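Undergrad: Dropping the structure in here first, questions after.
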Amino acid sequence: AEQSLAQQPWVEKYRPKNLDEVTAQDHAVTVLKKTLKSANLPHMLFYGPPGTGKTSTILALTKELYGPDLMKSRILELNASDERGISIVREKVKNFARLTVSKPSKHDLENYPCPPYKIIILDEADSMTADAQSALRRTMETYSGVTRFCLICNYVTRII
Amino acid sequence: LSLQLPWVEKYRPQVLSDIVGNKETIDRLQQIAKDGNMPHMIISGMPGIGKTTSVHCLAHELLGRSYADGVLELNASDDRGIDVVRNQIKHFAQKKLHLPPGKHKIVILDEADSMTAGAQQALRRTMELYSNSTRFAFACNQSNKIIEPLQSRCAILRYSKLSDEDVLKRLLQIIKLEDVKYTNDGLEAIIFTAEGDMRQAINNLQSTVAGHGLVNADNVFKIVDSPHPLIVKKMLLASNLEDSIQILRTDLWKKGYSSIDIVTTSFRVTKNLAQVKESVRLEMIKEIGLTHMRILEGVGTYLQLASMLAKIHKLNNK
Amino acid sequence: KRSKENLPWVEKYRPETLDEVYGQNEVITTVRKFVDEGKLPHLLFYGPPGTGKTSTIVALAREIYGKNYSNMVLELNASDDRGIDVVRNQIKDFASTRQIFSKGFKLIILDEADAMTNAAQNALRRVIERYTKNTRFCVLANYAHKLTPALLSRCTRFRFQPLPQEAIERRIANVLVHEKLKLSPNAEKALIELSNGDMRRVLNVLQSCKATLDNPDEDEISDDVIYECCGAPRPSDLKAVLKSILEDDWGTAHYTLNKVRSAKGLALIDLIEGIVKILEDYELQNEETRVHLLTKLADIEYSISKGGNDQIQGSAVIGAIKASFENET
Amino acid sequence: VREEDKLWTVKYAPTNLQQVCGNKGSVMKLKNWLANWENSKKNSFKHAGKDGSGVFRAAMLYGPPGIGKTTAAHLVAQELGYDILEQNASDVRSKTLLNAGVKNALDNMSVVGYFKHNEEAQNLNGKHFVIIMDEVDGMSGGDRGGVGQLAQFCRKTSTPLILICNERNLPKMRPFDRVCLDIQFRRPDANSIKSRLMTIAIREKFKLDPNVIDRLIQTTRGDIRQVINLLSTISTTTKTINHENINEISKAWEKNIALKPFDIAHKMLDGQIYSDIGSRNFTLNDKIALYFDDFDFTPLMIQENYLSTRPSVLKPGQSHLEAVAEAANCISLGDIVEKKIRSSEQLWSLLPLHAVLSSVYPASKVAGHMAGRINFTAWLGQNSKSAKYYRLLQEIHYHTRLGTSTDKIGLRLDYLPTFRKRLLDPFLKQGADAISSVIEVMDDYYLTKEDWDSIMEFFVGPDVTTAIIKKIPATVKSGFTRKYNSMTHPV
Amino acid sequence: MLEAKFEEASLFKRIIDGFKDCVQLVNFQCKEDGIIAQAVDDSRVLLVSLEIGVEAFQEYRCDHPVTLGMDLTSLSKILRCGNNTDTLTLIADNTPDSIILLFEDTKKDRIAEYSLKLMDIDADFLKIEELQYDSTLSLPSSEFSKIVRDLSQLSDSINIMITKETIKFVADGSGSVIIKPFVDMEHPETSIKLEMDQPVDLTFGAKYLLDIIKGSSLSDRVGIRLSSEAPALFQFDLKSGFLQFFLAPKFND
Amino acid sequence: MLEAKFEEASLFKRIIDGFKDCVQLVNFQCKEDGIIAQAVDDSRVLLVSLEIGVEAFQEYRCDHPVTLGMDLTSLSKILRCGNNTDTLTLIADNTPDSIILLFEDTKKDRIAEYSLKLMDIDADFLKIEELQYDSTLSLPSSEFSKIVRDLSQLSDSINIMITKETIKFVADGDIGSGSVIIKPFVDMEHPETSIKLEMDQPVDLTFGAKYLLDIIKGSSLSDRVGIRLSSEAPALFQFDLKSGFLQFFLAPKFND
Ligand SMILES: Nc1ncnc2c1ncn2[C@@H]1O[C@H](COP(=O)(O)OP(=O)(O)OP(O)(O)=S)[C@@H](O)[C@H]1O
Ligand SMILES: Nc1ncnc2c1ncn2[C@@H]1O[C@H](COP(=O)(O)OP(=O)(O)OP(O)(O)=S)[C@@H](O)[C@H]1O
Ligand SMILES: Nc1ncnc2c1ncn2[C@@H]1O[C@H](COP(=O)(O)OP(=O)(O)OP(O)(O)=S)[C@@H](O)[C@H]1O
Ligand SMILES: Nc1ncnc2c1ncn2[C@@H]1O[C@H](COP(=O)(O)OP(=O)(O)OP(O)(O)=S)[C@@H](O)[C@H]1O
Ligand SMILES: [Mg+2]
Ligand SMILES: [Mg+2]
Ligand SMILES: [Mg+2]
Ligand SMILES: [Mg+2]
């Protein structure tokens with residue numbers, strides 16, 4: 001994996017891997033780092049100019065939280081590449097949110113602090129429709145104990 | 001637990017005389033029920049003035065005990081597509097039923113403005129053929145949504161807004177039948193906020209009675225939240241920009257009204273602003289629409305409404 | 001492993017009963033009188049985001065039936081399908097039957113009914129009143145223009161006033177009792193002003209500020225901590241920027257704006273809001289100053305809402321303020 | 001059956017052709033057509049009669065609602081001794097079901113007709129059919145048989161086929177024009193209906209002043225049935241209809257009819273409503289609701305014919321050109337709003353703003369008198385032509401992408417003049433011997449003869465090829481296309 | 001009040017099934033002698049008449065003649081519920097706004113009543129007084145259904161020709177079937193009888209004959225009566241009554 | 001840990017086909033007694049309750065009471081992917097995670113190990129089947145299905161009336177009306193075709209036909225369906241299995 005990173009351009013080569021690598025936002029990284037020792041993680045809404053660390057800091061937080069083993073089975077990632085529509089937000093997002101958290105192995109349960117909730121990261125939520133964000137409202141509120149929601153955007157006004 | 005019906009349904013008139021609506025049309029329907037030769041009728045008017053109650057009492061008084069089999073009521077909840085109109089309504093129109101001499105089977109199509117045009121096209125000859133045994137009564141809010149041929153075969157009954165006197169009379173009737181302490185100022189406030197809507201008036205009266213017991217302008221304005229389109233109309237006609245801004249901030253914004261709702265209400269009020277001229281109305285509507293376009297794109301802060309009012313004043317003052 | 005403490009402060013402090021819902025006293029008293037007397041008319045809660053509509057309706061559903069409300073109550077939210085076929089089959093079947101669990105009037109909670117199509121509302125317009133002695137309807141909304149006038153007239157209208165200051169102080173006191181924490185008076189007032197009626201942002205930023213103390217049991221949340229956690233501009237820097245723009249010349253005003261917005265990483269969208277909020281109180285001795293001051297600033301805000309630039313819009317705000325403050329002299 | 005249970009419109013229905021008030025000429029022409037239908041059938045409908053109606057198998061009655069179309073058809077059917085087989089909108093009409101049910105009755109005879117009357121010889125057409133299709137406009141269940149099957153039935157019938165409709169100029173009804181014979185029932189005048197209502201009032205024991213009939217037919221423009229229903233409804237309580245209650249009766253029984261995409265523009269561009277007097281008789285709310293009759297064509301019509309009027313609302317100092325400029329600015333703003341409406345987020349709450357910006361504001365800015373006749377929108381066909389040309393350009397571009405290495409637009413903008421110079425002019429200046437060079441240069445760019453034909457029509461302005469192509473001799477074209485179908489082409 | 005009782009519901013079920021596809025509404029008159037019902041096609045090309053006397057009913061009671069107008073789709077929907085082991089009873093009261101069909105089980109305590117709401121049909125009951133048909137023939141029903149199925153598969157128009165006491169069924173590729181009248185004493189059911197007065201040349205459509213041959217399940221023999229200026233008559237014999245079809249001819253183009 | 005190995009394969013298929021298009025989300029509660037589950041309709045009108053003891057399983061081992069929620073569409077998708085000749089084994093770990101379905105052929109080693117991610121349902125377990133029904137009856141499932149899907153063609157509502165030694169199914173609609181009247185009788189040479197009835201008070205109450213058409217789909221399991229009716233109580237339609245029972249609680253329509 002080291003040769004693949006070395007071959008990759010500097011943008012991906014030096015992508016932050018931990019919460020200490022993002023030396024940009026000491027006001028938002030400490031709140032996420034203190035969530036580690038705690039267990040209450042609120043629904044996150046990262047918003048800001050293009051290229052400031054949002055998509056990188058969310059991946060770093062999910063990694064530092066779950067581990068590379070549980071990472072694949074504990075987080076769902078819906079970016080602008082996927083088809084995010086009212087029907088999709090109603091069916092698939094609710095299906096994954098209304099799910100039982102995966103069982104953490106002894107390795108993960110010993111090394112990484114595994115919280116009792118999954119994470120649905122809707123990246124670039126400023127491209128969603130208004131009806132999809134409307135349907136997301138009670139979806140992100142009822143299953144709040146087994147699922148949290150992290151939205152990422154450049155325009156906070158575009159989000160309802 | 002014990003549960004009582006609301007005052008809206010408990011005191012719905014079950015007899016055509018108790019209706020306090022338009023006297024001419026109510027007397028016409030009374031004479032029709034007395035004679036029995038009821039024709040097809042499209043009743044159209046504003047929401048909450050007694051059209052459905054009128055047609056229901058008419059059918060009941062006309063059919064007596066035969067209401068169970070001689071009345072087919074299709075509303076917006078039931079299916080009313082091409083298939084339904086062609087099959088069920090036709091099979092009911094041809095249904096052989098022995099009624100008293102001056103009676104007829106009644107088909108009550110409620111919310112007729114939601115039916116498809118093809119359904120009305122298919123219903124035209126169905127109604128025209130069996131007119132000697134089946135009569136049709138449409139009830140709608142927008143008679144323009146009913147096609148011209150269908151509207152042609154029936155009598156048009158336009159219901160006007162309920163005057164303050166009729167709403168006041170029904171209010172005194174309900175109060176006397178309910179033994180409620182009331183002040184004249186509270187009833188006047190209820191009538192003022194009802195916007196000529198019997199259902200809304202009865203609902204606000206019941207809410208005030210159950211909340212405070214004593215119907216008075218204080219409790220009415222406390223629990224009623226005086227109508228929205230009037231405050232926006234007052235705001236749009238302020239003298240200085242400061243007064244309009246203060247009315248927008250204190251009465252609309254602080255009281256928790258959505259910005260898009262404010263823009264929509266301002267547009268609807270400017271649409272019917274008979275005081276100002278045509279060109280100034282059109283320019284104010286254009287600025288309100290620009291503000292609405294800005295609101296729908298996500299940015300809906302108070303600054304946008306402030307700029308809208310500023311542009312409106314810049315237009316109306318110069 | 002899922003305990004009660006595994007919830008965010010937005011949902012951890014959800015009001016269980018009507019007694020734990022502050023602010024909307026005028027609505028809650030009449031709702032309690034409704035449920036006590038036994039006649040619950042069709043309710044239409046209309047309110048801004050984060051006021052207490054859903055919490056109040058769930059507390060009412062709990063107090064009416066019992067500690068098991070989801071069993072017999074039917075709740076349709078924006079997450080579910082609410083087409084015309086849904087209203088035809090599901091809601092109409094639930095409205096026309098008896099309860100499987102208890103013997104009482106059923107309750108249909110239509111949450112976020114403003115997201116319903118006009119056809120669905122038109123279809124519900126008749127079923128809401130055909131079955132009245134058996135079921136009741138609750139319609140929750142933030143925009144009262146999406147609802148058709150017919151459906152809007154058939155429901156007792158209750159407007160949820162934004163949370164007044166006293167209720168938010170009461171809830172903050174309750175939280176600080178339920179959570180080992182301390183809050184300064186000036187920091188509490190800053191939080192009140194930053195809330196803008198929203199009851200959820202209060203708890204969100206309160207938890208976020210409790211997360212950035214390094215010890216939450218002794219250190220109190222100062223105004224600086226609150227202002228830094230959300231990145232909002234402090235009133236001192238705001239007043240300094242406004243004074244430098246109004247009094248000083250162009251070069252030093254631009255330098256001051258840049259030095260202030262780069263000392264804490266502020267945003268122009270927040271500086272503009274603070275500037276207009278602090279400038280609406282001035283006694284401008286004409287009507288044309290405020291016109292330009294609002295028009296140009298709203299145009300700049302709309303342009304910022306698209307993320308055009310960051311250094312041209314600052315000079316734009318400076319020039320707009322200066323050109324507006326020229327009719328006075 | 002009870003006489004009292006009549007609808008006031010069945011008891012007074014015309015029982016003979018002498019009672020159809022209005023359209024005497026049209027009903028007489030229909031009667032003569034149905035009479036000489038057999039004489040025209042003897043000559044196989046090839047020879048036309050004195051009126052030129054003997055060359056049409058089927059008739060089509062069209063006109064406003066409530067004038068007697070169905071009544072006149074039924075009357076001319078029963079008069080001539082035929083047997084009426086009437087199908088209407090309630091019947092499910094569709095190509096399959098129409099071929100199943102009605103097609104067999106086109107060349108057959110009535111079975112009930114044989115048992116009606118056969119002892120005395122009254123006529124030879126007492127056993128025939130008259131298929132009366134009624135309300136053929138409504139074909140929601142006529143997906144393929146609504147206008148397609150009936151058109152073929154009109155040609156391939158052997159029995160009288162009478163169609164009845166309301167709107168003839170509807171684009172759906174296009175196939176019906178050139179196949180059958182259409183007759184127009186106009187809105188009747190105020191004399192025949194006057195006499196009919198006088199007889200009704202005499203036979204109904206109530207008072208009705210003759211001068212009231214004019215306003216009654218006015219408020220009910222062409223709807224006699226509506227007049228009868230209006231009399232029936234009000235005769236229950238008030239027995240005197242005179243000039244003391246005509247105002248309320250008329251105002252309460254107005255016809256809220258719709259408007260067509262043609263007269264909508266004429267009304268909205270009429271400079272009288274925007275005057276200070278007309279502004280409160282036809283309010284702005286009515287002007288906005290006028291847009292809601294047809295929100296598909298109204299902006300297009302307004303944009304088509306907003307500068308073809310003579311204004312009357314010009315402010316002192318404001319000329320015509322600046323008024324058209326402001327109107328076009330508002331049209332552009334309305335187009336922006338319309339794009340924002342039919343785009344993502346499905347913003348439909350912005351419809352009245354679009355109505356004001358696109359329709360109402362330019363009208364109010366250029367409201368005057370129409371110069372000539374109102375023109376239909378031309379953007380509708382121009383967009384289709386542009387799409388058809390874009391498809392051809394896309395085909396040519398993806399054929400030549402192997403050699404050009406340029407975008408689709410830069411091809412049309414830049415390469416096409418050189419392609420014309422290399423492909424067409426060698427045929428004009430060198431005759432038929434430059435065939436090999438043209439074939440080779442088309443082979444290098446993977447072009448075809450259809451690609452050449454598509455390229456040729458593209459050029460505009462001075463370079464117009466559709467006229468130059470007819471100047472090159474006709475034999476060299478044949479030689480070129482024959483040489484093309486002989487040599488092989490690697491795609 | 002009328003009360004009729006079939007000993008077996010299967011007879012009425014098959015009677016309804018015989019002509020359930022050519023018409024939708026039908027007027028059953030009810031007199032003292034029996035039940036007669038005629039119904040005209042929606043295209044007014046095919047008439048269907050039927051007569052069932054008291055010989056089919058186990059019990060028959062009709063005080064006053066009454067006309068029951070009923071749809072055939074709803075009647076078939078109601079009839080499909082009953083079983084072939086139950087006794088059917090038609091019941092009607094004075095001013096019959098409805099009609100009761102009672103299925104009673106002889107060996108089980110199950111009684112199922114089905115009420116049907118009658119229709120208001122403009123009963124223009126045309127007299128069926130006898131017309132002297134030019135040709136009167138009879139042949140087995142099964143072979144008739146077969147030959148109609150064969151000729152209809154080729155084209156739609158069906159020509160029928162009765163000349164020189166010989167039968168021609170032609171369909172215009174082109175198909176033809178020739179029938180000669182031969183009476184067999186050994187098998188009396190297959191005796192194609194033919195009484196000819198004048199040569200008859202008629203022409204009919206396909207679907208009408210396809211629907212008439214559907215009734216080739218109640219009688220083993222069909223009677224065809226033809227005349228050049230009169231509709232064709234196809235009669236099926238019953239245990240008590242008869243089921244006749246009147247088909248209008250085609251043009252002479 | 002939980003191991004439930006069935007005797008056959010199509011048993012669970014037929015058991016699940018009862019609520020194919022009747023309900024969506026179910027929560028199987030597995031204890032030492034057996035598998036008990038219940039599911040409320042999407043419109044919260046009918047409730048399905050299934051109980052299967054340790055009699056239908058070939059092997060059963062449940063350490064602690066577990067509760068596994070799952071959607072029925074995904075469960076049917078998984079169940080259709082197994083051949084009807086293998087064996088079905090429900091396997092669950094210590095903590096409730098994705099349930100493991102196992103298909104093992106008895107002649108060739110073919111191990112089909114499917115995993116179904118559980119759904120988190122608000123399992124508000126009530127206490128039903130503990131109420132007294134004023135009327136009870138039992139009749140063959142074929143006759144009940146016949147009556148139901150014959151009366152469903154004339155209307156959408158069906159009124160059941162239990163009177164003194166008589167059962168009456170009435171369907172009142174537009175095209176007409178139907179009424180089936182049956183009487184209690186017990187045959188000795190055919191005890192399965194007997195119709196039994198025990199009534200204490202006369203009962204009359206209506207139901208929807210769209211729900212009865214789905215209830216009668218459970219007639220593929222047993223041949224004698226029982227019906228328990230009571231005023232101010234849900235109607236109990238019970239099919240008796242060789243190991244447990246499948247019961248539908250239907251809510252009666254409210255008459256005016
Ligand atoms: N805070 C940061 N610390 C370190 N490297 C960073 C930081 N922000 C951005 N980078 C670098 O920039 C790359 C892209 O960062 P991203 O997180 O994708 O930016 P972004 O916020 O996602 O911009 P978007 O998605 O277009 S709004 C990373 O792989 C790093 O190499
Ligand atoms: N004229 C009236 N007199 C007395 N009560 C009335 C009158 N009009 C309405 N109501 C009351 O209004 C309620 C029923 O009104 P509706 O039938 O809903 O009005 P509507 O004319 O049908 O308008 P819609 O159907 O909502 S568009 C009952 O509580 C009636 O008592
Ligand atoms: N009046 C109130 N008293 C106490 N806490 C409140 C109040 N209103 C809101 N909250 C808090 O805010 C949380 C969310 O409130 P909700 O009532 O769910 O918001 P909402 O009324 O549904 O508005 P929407 O639906 O998001 S637009 C609750 O769980 C409480 O923690
Ligand atoms: N010219 C007329 N003279 C007398 N009565 C008329 C006349 N036109 C219509 N009527 C009356 O209108 C009724 C018949 O309606 P028609 O006009 O025949 O319907 P229509 O012309 O087919 O229009 P449609 O089909 O409803 S759009 C009867 O009551 C007639 O008496
Ligand atoms: Mg990114
Ligand atoms: Mg109504
Ligand atoms: Mg809510
Ligand atoms: Mg007509």
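Naming works like this for the structure tokens: A, B, ... for the chains as they're shown, residue 1 at the start of each chain, ligands 1 onward in shown order.
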Kindly work out which residues sit at most 8 Å from ligand 8, using only C-alpha atoms and all ligand atoms, and give the list as a list in words.
TA: residues 125 of chain B; 65, 66, 68, 69, 70, 71, 134, 135, 164 and 165 of chain D
Undergrad: Hey, which residues come within 12 Å of ligand 1 if we count only C-alpha atoms and all ligand atoms? Could you give them as number ranges by chain?
TA: A: 5, 8-29, 46-60, 79-80, 122-127, 151-156; C: 307
Undergrad: Could you write those residues out with C-alpha atoms, as an mmCIF file, in the first residue's frame?
TA:
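Everything below was put into result_34.cif:
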```cif
data_model
loop_
_atom_site.group_PDB
_atom_site.id
_atom_site.type_symbol
_atom_site.label_atom_id
_atom_site.label_comp_id
_atom_site.auth_asym_id
_atom_site.auth_seq_id
_atom_site.Cartn_x
_atom_site.Cartn_y
_atom_site.Cartn_z
ATOM 1 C CA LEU A 5 0.611 5.998 -2.071
ATOM 2 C CA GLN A 8 -0.204 8.763 -6.126
ATOM 3 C CA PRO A 9 -0.043 12.556 -6.565
ATOM 4 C CA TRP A 10 0.813 14.752 -3.600
ATOM 5 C CA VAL A 11 -2.873 15.562 -3.016
ATOM 6 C CA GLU A 12 -3.698 11.951 -2.143
ATOM 7 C CA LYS A 13 -0.171 11.065 -0.988
ATOM 8 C CA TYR A 14 -0.311 13.556 1.902
ATOM 9 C CA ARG A 15 -4.004 13.204 2.700
ATOM 10 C CA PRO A 16 -4.531 13.446 6.485
ATOM 11 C CA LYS A 17 -4.771 10.008 8.088
ATOM 12 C CA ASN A 18 -5.346 11.063 11.717
ATOM 13 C CA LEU A 19 -7.055 13.960 13.462
ATOM 14 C CA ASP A 20 -3.623 15.433 14.271
ATOM 15 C CA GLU A 21 -2.646 15.696 10.597
ATOM 16 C CA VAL A 22 -5.249 18.388 9.850
ATOM 17 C CA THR A 23 -3.383 21.469 11.097
ATOM 18 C CA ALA A 24 -6.054 23.864 9.901
ATOM 19 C CA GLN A 25 -9.110 23.930 12.217
ATOM 20 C CA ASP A 26 -8.274 23.669 15.915
ATOM 21 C CA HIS A 27 -11.851 24.735 16.731
ATOM 22 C CA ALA A 28 -13.534 21.772 14.997
ATOM 23 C CA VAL A 29 -10.921 19.014 15.342
ATOM 24 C CA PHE A 46 -19.127 20.591 7.896
ATOM 25 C CA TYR A 47 -19.387 23.636 5.653
ATOM 26 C CA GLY A 48 -16.716 25.796 4.098
ATOM 27 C CA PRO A 49 -14.697 26.881 1.067
ATOM 28 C CA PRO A 50 -13.411 24.281 -1.417
ATOM 29 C CA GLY A 51 -10.263 22.487 -0.301
ATOM 30 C CA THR A 52 -10.124 23.042 3.455
ATOM 31 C CA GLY A 53 -10.132 19.527 4.920
ATOM 32 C CA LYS A 54 -13.781 18.512 5.332
ATOM 33 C CA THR A 55 -13.758 15.329 3.239
ATOM 34 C CA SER A 56 -10.347 14.476 4.709
ATOM 35 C CA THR A 57 -11.173 15.203 8.356
ATOM 36 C CA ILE A 58 -14.369 13.138 8.208
ATOM 37 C CA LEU A 59 -12.452 10.152 6.831
ATOM 38 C CA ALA A 60 -9.739 10.641 9.458
ATOM 39 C CA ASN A 79 -21.276 11.255 -2.413
ATOM 40 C CA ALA A 80 -22.380 13.208 -5.480
ATOM 41 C CA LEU A 122 -23.720 12.444 2.771
ATOM 42 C CA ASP A 123 -20.898 14.301 1.022
ATOM 43 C CA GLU A 124 -21.699 17.408 -1.047
ATOM 44 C CA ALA A 125 -25.268 17.702 0.257
ATOM 45 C CA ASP A 126 -25.614 21.019 -1.605
ATOM 46 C CA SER A 127 -26.478 19.031 -4.756
ATOM 47 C CA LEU A 151 -23.239 16.451 5.835
ATOM 48 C CA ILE A 152 -20.500 18.297 3.932
ATOM 49 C CA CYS A 153 -21.007 21.413 1.828
ATOM 50 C CA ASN A 154 -19.567 24.659 0.509
ATOM 51 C CA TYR A 155 -22.827 26.644 0.763
ATOM 52 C CA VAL A 156 -24.698 26.394 4.056
ATOM 53 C CA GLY C 307 -19.188 31.534 -3.092
#
```
Undergrad: Taking 2 positions as the minimum chain separation for residues in the same chain, which residues sit within 8 Å of residue 103 in chain E when counting only C-alpha atoms? Answer as a list in words.
TA: residues 82, 86, 87, 88, 89, 101, 105, 111, 112 and 113 of chain E
Undergrad: Taking only C-alpha atoms into account, what are the residues of chain B at most 9 Å from chain F, put as JSON, numbers by chain?
TA: {"B": [69, 88, 91, 92, 95]}
Undergrad: Filtering to C-alpha atoms, could you give me those residues as a compact mmCIF listing (two decimals), in the first residue's frame?
TA:
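This is the output file selection-v9.txt:
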```txt
# COMPACT_ATOMS: atom_id res chain seq x y z
CA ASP B 69 -79.65 3.33 -1.58
CA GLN B 88 -69.87 2.52 -11.30
CA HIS B 91 -74.36 1.25 -13.27
CA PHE B 92 -75.85 3.42 -10.50
CA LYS B 95 -80.09 1.17 -11.23
```
Undergrad: DSSP on the backbone: what in range 20-229 of chain F comes out strand (DSSP E or B), as a PyMOL selection string?
TA: chain F and resi 25-30+35-40+46-52+57-62+66-71+87-92+99-104+111-116+119+135-140+157-163+166-172+176-182+185+195-199+203-208+224-229
Undergrad: Determine which residues of chain F sit within 9 Å of chain A, taking into account only C-alpha atoms, and present them as a VMD selection string.
TA: chain F and resid 69 95 to 98 117 to 121
Undergrad: Using N, CA, C and O atoms, can you write the selected residues to a file as a PDB file, in the first residue's frame?
TA:
```pdb
ATOM      1  N   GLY F  69     -34.715  -8.727  14.620  1.00  0.00           N
ATOM      2  CA  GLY F  69     -35.619  -8.074  13.700  1.00  0.00           C
ATOM      3  C   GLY F  69     -35.108  -8.104  12.271  1.00  0.00           C
ATOM      4  O   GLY F  69     -33.909  -8.053  12.019  1.00  0.00           O
ATOM      5  N   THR F  95     -24.109 -11.833  20.841  1.00  0.00           N
ATOM      6  CA  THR F  95     -24.865 -10.601  20.692  1.00  0.00           C
ATOM      7  C   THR F  95     -25.656 -10.628  19.386  1.00  0.00           C
ATOM      8  O   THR F  95     -25.231 -11.252  18.406  1.00  0.00           O
ATOM      9  N   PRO F  96     -26.831  -9.993  19.345  1.00  0.00           N
ATOM     10  CA  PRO F  96     -27.661 -10.031  18.133  1.00  0.00           C
ATOM     11  C   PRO F  96     -26.995  -9.304  16.976  1.00  0.00           C
ATOM     12  O   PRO F  96     -26.851  -8.078  16.987  1.00  0.00           O
ATOM     13  N   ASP F  97     -26.581 -10.069  15.968  1.00  0.00           N
ATOM     14  CA  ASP F  97     -26.031  -9.511  14.740  1.00  0.00           C
ATOM     15  C   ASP F  97     -26.762 -10.106  13.543  1.00  0.00           C
ATOM     16  O   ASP F  97     -27.785 -10.776  13.715  1.00  0.00           O
ATOM     17  N   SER F  98     -26.250  -9.864  12.336  1.00  0.00           N
ATOM     18  CA  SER F  98     -26.860 -10.399  11.123  1.00  0.00           C
ATOM     19  C   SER F  98     -27.103 -11.897  11.249  1.00  0.00           C
ATOM     20  O   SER F  98     -26.174 -12.673  11.490  1.00  0.00           O
ATOM     21  N   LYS F 117     -28.636  -8.884   7.409  1.00  0.00           N
ATOM     22  CA  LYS F 117     -28.416  -7.807   8.365  1.00  0.00           C
ATOM     23  C   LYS F 117     -29.732  -7.458   9.048  1.00  0.00           C
ATOM     24  O   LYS F 117     -30.726  -7.154   8.379  1.00  0.00           O
ATOM     25  N   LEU F 118     -29.740  -7.505  10.377  1.00  0.00           N
ATOM     26  CA  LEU F 118     -30.965  -7.295  11.127  1.00  0.00           C
ATOM     27  C   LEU F 118     -31.420  -5.840  11.056  1.00  0.00           C
ATOM     28  O   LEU F 118     -30.623  -4.912  10.893  1.00  0.00           O
ATOM     29  N   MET F 119     -32.730  -5.655  11.184  1.00  0.00           N
ATOM     30  CA  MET F 119     -33.344  -4.343  11.290  1.00  0.00           C
ATOM     31  C   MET F 119     -33.614  -4.030  12.756  1.00  0.00           C
ATOM     32  O   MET F 119     -33.960  -4.913  13.543  1.00  0.00           O
ATOM     33  N   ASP F 120     -33.452  -2.761  13.117  1.00  0.00           N
ATOM     34  CA  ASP F 120     -33.686  -2.305  14.486  1.00  0.00           C
ATOM     35  C   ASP F 120     -35.108  -1.764  14.563  1.00  0.00           C
ATOM     36  O   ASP F 120     -35.369  -0.611  14.213  1.00  0.00           O
ATOM     37  N   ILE F 121     -36.027  -2.605  15.026  1.00  0.00           N
ATOM     38  CA  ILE F 121     -37.438  -2.258  15.136  1.00  0.00           C
ATOM     39  C   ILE F 121     -37.744  -1.903  16.582  1.00  0.00           C
ATOM     40  O   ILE F 121     -37.185  -2.496  17.513  1.00  0.00           O
TER      41      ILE F 121
END
```
